[PDB]
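Q: as a preliminary step, the opening chains of the complex are given here in situ:
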Amino acid sequence: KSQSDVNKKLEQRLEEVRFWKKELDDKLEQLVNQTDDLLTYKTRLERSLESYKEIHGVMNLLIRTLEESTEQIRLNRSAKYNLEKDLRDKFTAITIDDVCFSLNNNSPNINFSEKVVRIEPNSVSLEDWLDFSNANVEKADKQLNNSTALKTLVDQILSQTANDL
Amino acid sequence: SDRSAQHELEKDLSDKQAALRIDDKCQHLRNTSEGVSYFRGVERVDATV
Amino acid sequence: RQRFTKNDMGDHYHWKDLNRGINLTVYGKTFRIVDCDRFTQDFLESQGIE
């Protein structure tokens, strides 16, 4: 009976971690697409900047807009790096725990432990774990909102100035 | 002889499940991924039986 | 030890403006950055700069 129960709780952990990693993957790929689009808009901007050498306010305004664009993309891929490290460590955990699952009463290379029967410092609890994951994910989502708004914004400003001239 | 068979099938199963682990991670990639790298060269590379 | 005057108005080089292989003028003399070290790499990429 005891052996079977251990089996069960192992599969429980497997499944839950898998679900969370899939969530992570989805959000990261969405952010990747958005960063691509923002960089394209940066290109369009600098094109217009160099074109207008051929009134003066627009030059300063467009330089400053490029500045805020730089700050935005900055924030975006900072968040991207955070999410990526989280993802890699989650997978690192999952593969090892599955390896631990695979074992049976006859697999080889089975031995004794020496001293593990205690609780080590630098350990955490379930709700803290969940809050860590949740915080990182929601930060990424806020950044996505950032990117969408600024895309719309840049399109508005460019069309406005173009029609003005 | 029983013990002999046990050891043989055991090592077979171990290497094989490791192989499945590998190919799981092999599939577990998707366009615009993280592990991407500008390695070069290893296209005309093989030593297989 | 002091702050370095980027432009006329009195701005400071706020480190958000430093990548590899860029130049900069400081009280006249102008310099060119070459490369960096482990901890700088990690911290700057954690901030996100390519």
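A: Everything's here; your move. Numbering: from 1, shown residues only, chains lettered A, B, ... in the order given.
Q: tell me which residues touch the residue of chain B found nearest chain A, please.
A: Chain B approaches chain A most closely through residue B:32 (4.8 Å), counting by Cβ to the nearest Cβ. Where C-beta positions appear, they are placed from N, C-alpha and C, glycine not excepted. Contact analysis of residue B:32 by Cβ atoms under 8 Å, 6 or more residues apart in numbering or on different chains lists A:29, A:32-33.
Q: also within reach of chain B: list those from these.
A: Filtering the contacts of residue B:32 for proximity to chain B (criterion: Cβ under 8 Å from any Cβ of the partner chain) leaves A:29, A:32-33.
Q: okay if I get those residues as JSON lines plus secondary structure?
A: Output for the ones next to chain B among the contacts of residue B:32, formatted as JSON lines (DSSP: H, G, I helix; E, B strand; the rest coil):
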{"residue": "A:29", "secondary structure": "helix"}
{"residue": "A:32", "secondary structure": "helix"}
{"residue": "A:33", "secondary structure": "helix"}
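Q: closest one to residue A:111 out of the residues you listed, please.
A: residue A:29 (42.4 Å; Cβ to Cβ).
Q: and the closest one, how many neighbours does it have?
A: Neighbourhood size, residue A:29 [other Cβ atoms under 10 Å in any protein chain shown]: 13.
Q: include this sequence as chain D:
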Amino acid sequence: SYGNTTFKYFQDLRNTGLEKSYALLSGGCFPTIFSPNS
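A: Let me put chain D in with the others:
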């Protein structure tokens, strides 16, 4: 915050109106702002 950065651009919307107004007749009196610089 992000809301406040969007708000920074909201001041920039007032400023875009301000530079467009600065691109009006001379009789219309308007000042410079912090946006121009070196």
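Q: okay, now the closest residue to residue A:101 other than its chain neighbours: neighbour count?
A: Excluding the flanking residues, the one nearest residue A:101 by Cβ to Cβ, 6 or more residues apart in numbering or on different chains is residue A:10, at 4.7 Å. Look at residue A:10: counted by other Cβ under 10 Å, it has 15 neighbours.
Q: looking at this, residue A:10 is in a strand?
A: No - under three-state DSSP, residue A:10 falls outside any strand and is assigned helix.
Q: and it, what does it touch?
A: Contacts of residue A:10 were listed using Cβ under 8 Å, 6+ apart, and they are A:97, A:100-101.
Q: over to residue B:10?
A: Contacts for residue B:10 (Cβ under 8 Å, 6+ apart) come out as A:106-108.
Q: now it: phi and psi?
A: When read as degrees, to the nearest 10, the backbone of residue B:10 gives phi -70, psi -50.
Q: over to residue C:26?
A: Dihedral angles (degrees, to the nearest 10) for residue C:26: phi -130, psi 110.
Q: gap between residue A:17 and residue D:2?
A: To residue D:2, residue A:17 is 31 Å away according to Cβ to Cβ, to the nearest Å.
Q: an error on my part: the question was meant for residue A:138.
A: Here the distance between residue A:138 and residue D:2 works out to 12 Å (Cβ to Cβ).
Q: throw chain E onto that model:
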Amino acid sequence: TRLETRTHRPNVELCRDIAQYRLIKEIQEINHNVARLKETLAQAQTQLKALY
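A: Placed with the earlier chains, chain E looks like this:
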């Protein structure tokens, strides 16, 4: 093996959770049953002595 191998999670990937709890309980019961069994063996061999 299981409790030893589940000790190499880098950074915050350790949960001290219900699986750990019950695995510890399983260790407890193993030791306790082994003690009872050895005691019973002792009684058995002593009374066999008596039979002889």
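Q: now with chain E: the contacts of residue A:10?
A: A:97, A:100-101, E:19.
Q: which of these are buried?
A: The neighbour count (16 or more other Cβ atoms under 10 Å in any protein chain shown) marks A:97, A:100, E:19 as buried among these.
Q: ok, so of the residues you listed, who is nearest chain C?
A: Nearest to chain C among these: residue A:97, at 27.5 Å, using Cβ to the nearest Cβ.
Q: who's in contact with residue E:49?
A: Taking Cβ under 8 Å, 6+ apart, one finds nothing in contact with residue E:49.
Q: same question but for residue A:78, I mixed them up
A: The contact partners of residue A:78, taken as Cβ under 8 Å, 6+ apart, are C:46-48.
Q: excluding its backbone neighbours, what's nearest the closest residue to chain D within chain A?
A: Residue of chain A nearest chain D, by Cβ to the nearest Cβ: residue A:57 (4.3 Å). Closest residue to residue A:57 apart from its sequence neighbours, by Cβ to Cβ, 6+ apart: residue D:19 at 4.3 Å.
Q: burial count for that neighbour?
A: When neighbours are defined as other Cβ under 10 Å, residue D:19 has 21 of them.
Q: same question for residue E:17.
A: Residue E:17 has 14 neighbours, counted by other Cβ under 10 Å.
Q: separation between it and residue A:129?
A: Applying Cβ to Cβ, the value for residue E:17 to residue A:129 is 9 Å.
Q: all set, thanks.
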